[PDB]
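Now for the letters of each chain:
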Amino acid sequence: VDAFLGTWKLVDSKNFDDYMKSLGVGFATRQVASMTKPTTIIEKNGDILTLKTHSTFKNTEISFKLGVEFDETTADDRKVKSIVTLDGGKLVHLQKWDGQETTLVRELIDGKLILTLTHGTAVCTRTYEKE
Ligand SMILES: CCCCCCCCCCCCCCCC(=O)O
């Protein structure tokens, strides 16, 4: 988990609009989230991980323990049952609600942080640079 720690900034985004759309977000919000480049901060204290997402539009913060289910309310205002795990070197975040699911996967690939969001048939890829 240690190489994930620190400050990272958004450098490239692909297919965010289809993802948002598949989840049910409105056009007006979509406009706004597409011009925005967030800051992500990953910290640790013992066995508790903290995840901050900062932007000029919306801000979020969660704290958890790997492999333990927790309640979360997302940036688009969903209320879900979540669990985060380490699988083959990757940081896998599973969210469940109303009988449906979405995955958020983080990978370190040649100096960089790569995030891939999957919902239904839609798949989005986002890359971050270490600040
Ligand atoms: C998440 C950045 C703030 C903008 C929110 C736009 C509304 C869509 C919500 C999608 C939920 C997760 C998106 C995470 C984006 C990211 O971390 O790169």
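- Method information in the entry identifies X-ray crystallography as the source of the structure, with 2.1 Å recorded as the resolution.

- Labelled according to the PDB entry, the protein chain appears under the name MUSCLE FATTY ACID BINDING PROTEIN, originating from Homo sapiens.
- Per the PDB header, the entry is named "THREE-DIMENSIONAL STRUCTURE OF RECOMBINANT HUMAN MUSCLE FATTY ACID-BINDING PROTEIN".
- Within the UniProt record for the protein chain, the comment given under Subcellular location is "Cytoplasm".
- Its UniProt record, at the heading Sequence similarities, says of the protein chain: "Belongs to the calycin superfamily. Fatty-acid binding protein (FABP) family."

## Notes on the overall build of the protein chain
Link 1 in the chain: The secondary structure content of the protein chain amounts to 2 helices and 10 strands.
Link 2 in the chain: When the helices and strands of the protein chain are read in sequence order from the N terminus, they spell out β-α-α-β-β-β-β-β-β-β-β-β.
Link 3 in the chain: Relative to its length of 131 residues, the protein chain is compact, with a C-alpha radius of gyration of 14 Å against a globular reference of 14 Å.
Link 4 in the chain: With respect to the principal axes defined by its C-alpha atoms, the protein chain has extents near 40 × 35 × 25 Å.
Link 5 in the chain: Evaluated residue by residue, the protein chain yields a buried proportion of 34% over its 131 residues.
Link 6 in the chain: Counting contacts in the protein chain only where the partners sit at least 6 residues apart, residues at least 24 apart contribute 37% of the total.
Link 7 in the chain: Accessible surface, the protein chain: about 7,800 Å² in total, of which carbon and sulfur atoms supply 51%.
Link 8 in the chain: Here the protein chain contributes 18 positively and 19 negatively charged side chains, and the mean placements of these two sets differ by 2 Å.

## With respect to the sheet that holds strand β5 (residues 70-73)
Link 1 in the chain: Taken in spatial order, the 10 strands make up an open sheet running β4-β3-β2-β1-β10-β9-β8-β7-β6-β5, and their pairing is antiparallel. A single partner strand is all that each edge strand has here, and the edge strands are β4 (60-64) and β5. Neighbour to neighbour, the strand axes of the sheet diverge by 25° on average, direction disregarded.
Link 2 in the chain: Both strand β7 (residues 90-97) and strand β8 (residues 100-109) contribute to a ladder of 7 bridges, which runs antiparallel.

## A closer look at the site of the ligand
Link 1 in the chain: The full set of residues close to the ligand is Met20, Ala33, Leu115, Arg126 and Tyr128.
Link 2 in the chain: Residue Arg126 places a side-chain N or O atom 2.8 Å away from an oxygen atom belonging to the ligand.
Link 3 in the chain: Within the side chain of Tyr128, one N or O atom sits 2.8 Å away from an oxygen atom of the ligand.
Link 4 in the chain: For the ligand, whose unbound accessible area comes to 460 Å², protein coverage reaches 91%.
Link 5 in the chain: Judged by the proximity of its atoms to the pocket grid, the ligand belongs to the largest pocket.
Link 6 in the chain: Residue classes in the shell around the ligand are distributed as 4 nonpolar, no polar and 1 charged.

Rules behind the numbers
- Residues numbered from 1 in each chain as written, not as in the entry; some residues may be left out.
- Heavy atoms only, no water.
- UniProt positions renumbered as here; feature names shortened; annotations may be inferred.
- Helix = DSSP H or I, 4+ residues; strand = E, 2+ residues; numbered from the N terminus.
- Rg over C-alpha atoms; globule rule 2.2 N^0.38 Å.
- Buried < 20%, exposed > 50% of the residue type's maximum accessible area, 1.4 Å probe, protein only.
- Contact = heavy atoms within 4.5 Å.
- Areas by Shrake-Rupley, 256 points an atom, 1.4 Å probe, with all protein chains shown as cover.
- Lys, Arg positive; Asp, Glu negative; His and termini not counted.
- Charge placed at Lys NZ, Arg CZ, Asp CG, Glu CD.
- Pairing = 2+ DSSP bridges.
- Axes fitted to C-alpha atoms, helices over the stretch in contact; angles between N-to-C directions.
- Near = heavy atom within 4 Å.
- Polar contact = N/O pair within 3.5 Å; in protein donor to acceptor, adjacent residues only side chain to side chain.
- 1 Å grid on protein atoms, 1.4 Å probe; cavity = no way out; pocket = protein on both sides within 12 Å on 5 of 7 lines; lining within 4 Å.
- Sits in = over half its atoms within 2 Å of the grid points.
- Nonpolar A, V, L, I, M, F, W, Y, C, P; charged D, E, K, R; others polar.

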